[PDB]
Amino acid sequence: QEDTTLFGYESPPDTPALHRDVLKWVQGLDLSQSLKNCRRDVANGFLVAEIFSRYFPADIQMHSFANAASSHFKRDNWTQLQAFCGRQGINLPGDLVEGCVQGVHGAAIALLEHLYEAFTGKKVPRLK
Amino acid sequence: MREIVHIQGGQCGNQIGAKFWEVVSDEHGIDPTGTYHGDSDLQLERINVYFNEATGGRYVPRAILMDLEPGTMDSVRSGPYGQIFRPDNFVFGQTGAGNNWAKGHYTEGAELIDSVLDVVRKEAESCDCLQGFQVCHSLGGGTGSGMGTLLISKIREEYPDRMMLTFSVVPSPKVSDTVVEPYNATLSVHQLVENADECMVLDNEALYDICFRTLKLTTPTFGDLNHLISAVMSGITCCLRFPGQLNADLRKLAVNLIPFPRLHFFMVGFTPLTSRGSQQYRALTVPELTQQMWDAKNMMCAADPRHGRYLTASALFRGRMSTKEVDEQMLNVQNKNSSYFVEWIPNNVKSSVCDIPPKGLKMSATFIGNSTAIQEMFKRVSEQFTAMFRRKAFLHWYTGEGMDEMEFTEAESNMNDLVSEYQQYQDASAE
Amino acid sequence: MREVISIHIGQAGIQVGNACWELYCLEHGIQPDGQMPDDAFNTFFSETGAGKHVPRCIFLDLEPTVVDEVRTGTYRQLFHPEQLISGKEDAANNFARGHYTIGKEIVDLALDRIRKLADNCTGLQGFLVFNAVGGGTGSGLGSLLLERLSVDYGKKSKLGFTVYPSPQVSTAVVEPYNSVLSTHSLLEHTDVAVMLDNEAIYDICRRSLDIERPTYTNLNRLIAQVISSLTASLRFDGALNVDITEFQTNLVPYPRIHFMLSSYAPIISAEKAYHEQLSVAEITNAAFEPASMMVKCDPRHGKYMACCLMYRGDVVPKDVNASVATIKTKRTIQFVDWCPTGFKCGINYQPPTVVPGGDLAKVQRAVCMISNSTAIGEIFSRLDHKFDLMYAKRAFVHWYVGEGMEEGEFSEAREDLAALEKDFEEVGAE
Amino acid sequence: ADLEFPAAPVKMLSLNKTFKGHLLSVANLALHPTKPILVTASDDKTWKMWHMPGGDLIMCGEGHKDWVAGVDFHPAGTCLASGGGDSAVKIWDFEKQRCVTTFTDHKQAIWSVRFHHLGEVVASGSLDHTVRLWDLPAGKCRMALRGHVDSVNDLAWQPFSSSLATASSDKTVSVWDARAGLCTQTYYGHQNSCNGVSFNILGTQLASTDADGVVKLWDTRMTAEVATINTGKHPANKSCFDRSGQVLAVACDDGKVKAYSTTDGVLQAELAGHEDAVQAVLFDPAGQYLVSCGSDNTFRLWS
Ligand SMILES: Nc1nc2c(ncn2[C@@H]2O[C@H](COP(=O)(O)OP(=O)(O)OP(=O)(O)O)[C@@H](O)[C@H]2O)c(=O)[nH]1
Ligand SMILES: Nc1nc2c(ncn2[C@@H]2O[C@H](COP(=O)(O)OP(=O)(O)O)[C@@H](O)[C@H]2O)c(=O)[nH]1
């Protein structure tokens, strides 16, 4: 068993930095926050709430969401978002949600990709 | 009627804040039980900048203590002036950050941060008008640096226009306390550059030097260093709390001191610091105050101003004094030391005068110098950070808290760009 | 709030626990009956409604004699009888006996009591596992217990104060065997392992205390003073508080490298006491002296990676700073190029309490230096040939096989110790 | 200056074949000033240098960990600068066919990379809200431009000037000085993220696109809003002026390369070769032909 760690230190995996189509869609959507770093910006769940409001303004409001770093508030945001997704029919997979709240590498990227699928007319981002 | 919200972070920040609040209550004639015992109208005239009147005669500091371990706050509460603080403003966790900026900023600081912001917002809305927030803490510690940077980012997001002042105790050059001080300082400076409007750098080794050479004390505990820091912290805002012949608030100081938004790091010093032996030998005059003010030994920063160039410098004097004396002194200082002052600014001095000197001193003066000397301090911190990061020593402890390796290099890049700006304006030539 | 659970496995673990708990009782004023005539004891003792304090400790052994000695001695009304766990058959210096056959039921009961203890703790700084690498009980049962703790409790910081065999002097014959096995086990479970050597502590007692016949009681008293200095920042307030969690952050650069040399200073008898100044700089120098190391491992061979200094008593930050600056300027003391600071200084205002009946003098100052340095690979190098020399003939191997082990276990342990040697060489090299 | 190059023909359709040599969509185009050779920067983690009149794959550079968003030629064609989503700006040598150097101070996707007119400094605008200048002889980020609260989507040096205009996702177009490191001017007016920005060859005019399709043209000297072309609801992507010409060719997500007159903001040609969208457009230095790259995984030659 040949290990790659530097004396037990496993360097964090390198993210694929989303996709141009998804990032440009997010930028074209008018959002208060900016996706500097996808992990940190999406872990709170406020930017995703803004996306969901921009696509369904009637039943997703910003006053219900709080840009708060605590696990309680992050869970509250993500669970109300999940309830709305269940009512609407959007997937919003729970494993991706949990990875996003825990800051797991790539979970926020996958969740943003899936949101881009669900919203931007099922436009699958081309990939090899 | 221009209020200031004080925040203390970490053990060092809490000790500094306790000493500062003791000093301010002494200045305003407030006993540890909160009652006023000053017998001076000017003391109560502007007490609302720092304190709020309770139901009775008690005055409570507008201070918020944050920490991840309760021991430091227990000590602060049991200190001589521990009872003035409102008990609800002690926001503490249960597991302290093991000198881990990641633990204090992402994992453990996140849960306590909403309680901290609840307290901060509750204190801020009570303010009629808000000058801003002042946060005292130490760079190079887990809870202090981490949660301080997190809270500063949050407060900047909530109140962008309000002033932000920071008293950061940068890890000392020669003798470092903890191993991970370069990591914590690197991660904290990156946040302070983007968020804090005004930042004052303190070094414990500069404090030891000044208390060994000027005060000539033999056994300087942390209390003496916190006392000097408290003296500067009071003297910066005494123009708000007391009438002044030429008064100047925090925003005026920031406007006159900060040429460009990122160049907001300052070294500070307090005068007159006299040894108990030489107190009778020294004569209290404006020239003597200026002489001690511009002495590099008086700077509470490790970096010495001789190596760099003074971009700007504010001098807040306290006492019944001649404006002609003060202005002439600062002009002669500039003319004599024009080599150390930036050429493309016609006047590098913001002179302010307050009519109420600190207790016991007929005269005093605080100095706030924005000079390119801080470049060498950041450069040294980077010289340690790069050496540690090349072999990624202790990096797993930050990684296990879930922060990217790219974040370290981003913070290093921000520090290097700041150093580059300081060098650029050090060697900038007019026309 | 700062509870730490103490585990003492094997004869050596229990015998150093006796000294440790006597020292804690003396320090906190707790009489041996159980109660004392605030809340600084909570780290080591849990108080009941009656006011009588019981330690949060567990005495684990497969032999009844050592535990019954505690049950019969003065500290019979202090400890919890069920927390004293006694086996029926000894492990007989067999790692397999202590890890596969006899240790199962004992470790199950041990985990039961450990759950009961941890349920009474609001916070939990970690576990202090005191065992003897080189014996079936300590090595095998201790390894099994550490594995179970890692599986169930998870990220709780386990500090293992292990005693490896001395370079030349020893008391057992299969000691290299079970030491290699237990080192294989604990390389991956304990968070910070503190090395201790009987030969080194004997030398310390002979040279500094002038004891021509040092014994296990003296060794245990020194170890108890060291652990008390280590935990002093949890129980007593002082400038520059250091924590169990901060040990790992300021001492462990990488997860595999967490073995630590320990050195106490001063070690002086009262007749030699008050005959030297005992300043902070001098006690720091003594702590950094190679003879003051409690492991027969010359630090001159290797390079220091980190050094946590724990100062007790009348110590001022100016003095710790001056002493550490002198240490940095010192040439014989050598640090790795990638750790410029390499120092974690922490002061405490509580002077080290003196045990009546001990040889240590009442000194107002003390230093406990725990260092991560690459020189520690030398002891593993010694055991790695002491092992293979016997393993070539497969001597005493039938004993270990009889209790359900395989030649593969010995091979894997030897290979992992070789890998640890290679890792130490690599961290030492540029 | 004082050199009029007439470029009237914009309604001419595709002349050369649709060169589909990239597996995924092509993100940007860079024309060699001397020879008619085009480097296409596609999001397949590779860039490809083609001789366009032949349509021949001269070279293929690979090594970017992520998709490549921007590419540019050094003056005299000594080297190629490629910025990608891997946050690394890479300088590649044509002669030795490998990456000369890599700069990783940027920690987010590199939206745009451009050279100086003299070429020794390279401006990289990235998602990290900053515009970093790289001194190639030094290999170090000498200066960083900050002041954009959203992503810096585009980056265009003013022709033969130290001024640099960056269009950011914060609905702003900021013109900076490289030598000083300051924001000389900030054009507002956009109601959406500014996808791209481009200067006229004379430097008199500056056109920036929006995500809603609006292309706004400012007078750099006058610092005033001259024109506001309103295209379809699809994003306007990237634009290019005609060399000494009055026609601005704007890409779109509608798949049509439109050509609006800068004088009046009136459509002149609408090339519909691309199936879905056009990422970028570029004029020939001689003005003979346009090249348009888009989501069709194909860069197509026009006129
Ligand atoms: N430092 C120190 N080491 C001790 C002391 N007592 C025993 N040891 C060491 O502990 C080792 C064996 O301990 P144990 O395994 O617990 O002995 P045991 O309780 O009979 O259990 P087994 O021998 O494994 O059957 C010996 O090699 C000794 O070197 C002590 O008081 N101090
Ligand atoms: N001036 C001053 N500095 C201190 C004091 N206590 C600690 N420090 C320094 O502050 C640095 C950071 O420690 P700190 O932030 O308080 O630890 P933390 O609370 O766990 O983050 C240490 O290196 C100490 O040297 C104090 O009371 N006064």
- If you count, for every residue in C:231-240, the Cβ atoms of partner chains within 10 Å of its Cβ, what is the mean? 2
- Query: Which FRET efficiency value, to the nearest 0.05, do you get for C:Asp112 and C:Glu188 by plugging their Cβ-Cβ distance into 1/(1 + (r/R0)^6) with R0 = 22 Å?
  - Reply: 0.35
- Item | Phi-based couplings in Hz for segment D:209-225 (Karplus 6.51, -1.76, 1.60; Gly and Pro marked x) | 8, 9, 6, 8, x, 6, 10, 9, 10, 10, 8, 5, 5, 6, 6, 9, 6
- Query: How do C:138-150, C:190-202, C:103-115 rank on mean C-beta neighbours within 10 Å, highest first?
  - Reply: C:138-150, C:190-202, C:103-115
- Note on the structure: Applied in sequence order to segment C:275-290, the curve 6.51 cos²θ - 1.76 cosθ + 1.60 (Karplus, θ = phi - 60°) yields integer Hz couplings, x standing for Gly and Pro, of 10, 10, 5, 6, 7, 5, 4, 5, 5, 5, 4, 4, 5, 7, 5, x
- Query: Label-point separation (nm) for D:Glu225 and B:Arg262, each offset 7 Å from Cα along Cα-to-Cβ?
  - Reply: 3.1 nm
- Task: Mind checking segment D:1-108 for GluC sites (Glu not before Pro) that DSSP puts in a loop (not H, G, I, E or B) and that have at most 13 other Cβ atoms within 10 Å?
- Result: D:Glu4, D:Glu95
- Message: Between C:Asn120 and C:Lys393, what is 0.36 nm times their sequence separation minus the Cα-Cα distance? Round to one decimal in nm.
- Response: 93.2 nm
- Query: What's the Cα-based Rg to Rh of segment B:229-313, Rh via Kirkwood?
  - Reply: 0.98
- Evaluate peptide C:312-319: per residue, the Cβ atoms of other protein chains within 10 Å of its Cβ; return the mean as an integer. 3
- Message: Taking a virtual spin label 7 Å from the Cα of C:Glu89 along the C-beta vector, which residues in segment C:122-139 bring their backbone nitrogen under 17 Å of it?
- Response: C:136-138
- Task: Would you calculate, for the protein assembly as shown, the mean residue ellipticity at 222 nm contributed by helices, counting each DSSP H stretch of 4 or more residues as -39,500 (n - 2.57) and dividing by all residues, to the nearest 500?
- Result: -10500 deg cm²/dmol
- Between D:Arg114, D:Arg243, D:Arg142, which gets the highest mean-square fluctuation from a Gaussian network model of chain D, Cα cutoff 10 Å? D:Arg142
- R0 = 45 Å: FRET efficiency of B:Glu288 with B:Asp31, Cβ-based, nearest 0.05? 0.85
- Sort out for me the Cα centre separation of segment D:52-109 from segment C:175-211, rounded to whole Å. 57 Å
- Item | Global geometry of the protein assembly as shown, whether rounded, prolate or oblate, following the gyration tensor of its Cα atoms and the 1.5 cut on a/c | oblate
- With each pseudo-label sitting 7 Å past Cα toward Cβ, what's the B:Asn247-A:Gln102 distance in nm, one decimal? 5.7 nm
- Can you grab the distance from the C-alpha centre of segment B:263-313 to the C-alpha centre of segment C:362-391, Å, no decimals? 50 Å
- Using 0.36 nm per residue of separation minus the Cα-Cα distance, give me the extension gain between C:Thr48 and C:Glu105 in nm, one decimal. 17.6 nm
- C:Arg56 long-range amide H proximity, modeled H, under 5 Å: C:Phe45, C:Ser46
- Under a 5 Å amide H to amide H cut-off, with H placed in plane at 1.01 Å, what residues pair with C:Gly313 once short-range neighbours are removed? C:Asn348, C:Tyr349, C:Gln350
- Task: Count, for each residue of D:17-27, the Cβ atoms from other chains sitting within 10 Å of its Cβ, then give me the mean as a whole number.
- Result: 1
- Query: Going by a ≥ b ≥ c, the root eigenvalues of the Cα gyration tensor, does segment B:150-273 fall in the rounded group (a/c under 1.5), the prolate group (a/b larger than b/c) or the oblate group?
  - Reply: oblate
- Message: If a paramagnetic tag sat 7 Å from the Cα of D:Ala272 along the Cα-Cβ line, which residues of segment D:223-262 would have the backbone N under 13 Å from that point?
- Response: D:254-258
- Output for segment B:37-90: chymotrypsin sites (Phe, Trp or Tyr not before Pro) sitting in coil per DSSP, at most 10 other Cβ within 10 Å, listed by number, reads none
- Item | B:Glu194-C:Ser381 FRET efficiency (beta carbon distance; Förster radius 35 Å; 0.05 resolution) | 0.10
- Using a 10 angstrom cutoff on alpha carbons, build the Gaussian network for chain A and name the most mobile of A:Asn67, A:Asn77, A:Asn37. A:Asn37
- Message: Considering only C-alpha atoms, what is the centroid distance from segment D:12-36 to segment B:74-151, in Å?
- Response: 58 Å
- Query: Does chain D come out rounded, prolate or oblate, given a ≥ b ≥ c as the square roots of the eigenvalues of its C-alpha gyration tensor, rounded meaning a/c under 1.5 and, failing that, prolate meaning a/b above b/c?
  - Reply: rounded
- Message: Restricting everything to alpha-carbon atoms, can you work out Rg to Rh for chain C with a Kirkwood hydrodynamic radius?
- Response: 0.95
- Query: So, by mean Cβ neighbours within 10 angstrom, what's the order for B:7-18, D:253-264, B:317-328, C:398-409 with the highest one leading?
  - Reply: B:7-18, D:253-264, B:317-328, C:398-409
- Residue-wise, which Karplus ³J(HN,Hα) couplings in Hz belong to segment D:76-89, taking 6.51 cos²θ - 1.76 cosθ + 1.60, θ = phi - 60°, and x for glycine or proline? 6, x, 6, 8, 10, 9, 10, x, x, x, 6, 6, 10, 9
- Listed residues B:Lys122, B:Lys19, B:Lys216; largest mean-square fluctuation, Gaussian network over chain B with Cα springs below 10 Å, found at B:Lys122
- Task: For B:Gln423 paired with C:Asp416, estimate the spin-label separation in nm (one decimal), with each label point 7 Å from Cα along the Cα-to-Cβ line.
- Result: 4.9 nm
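A quick note on method: Cβ atoms are made from the backbone with ideal geometry, for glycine too, and the neighbour counts reach across all protein chains shown. Laboratory data are not the source of any read-out in this text; all were calculated from the coordinates shown.
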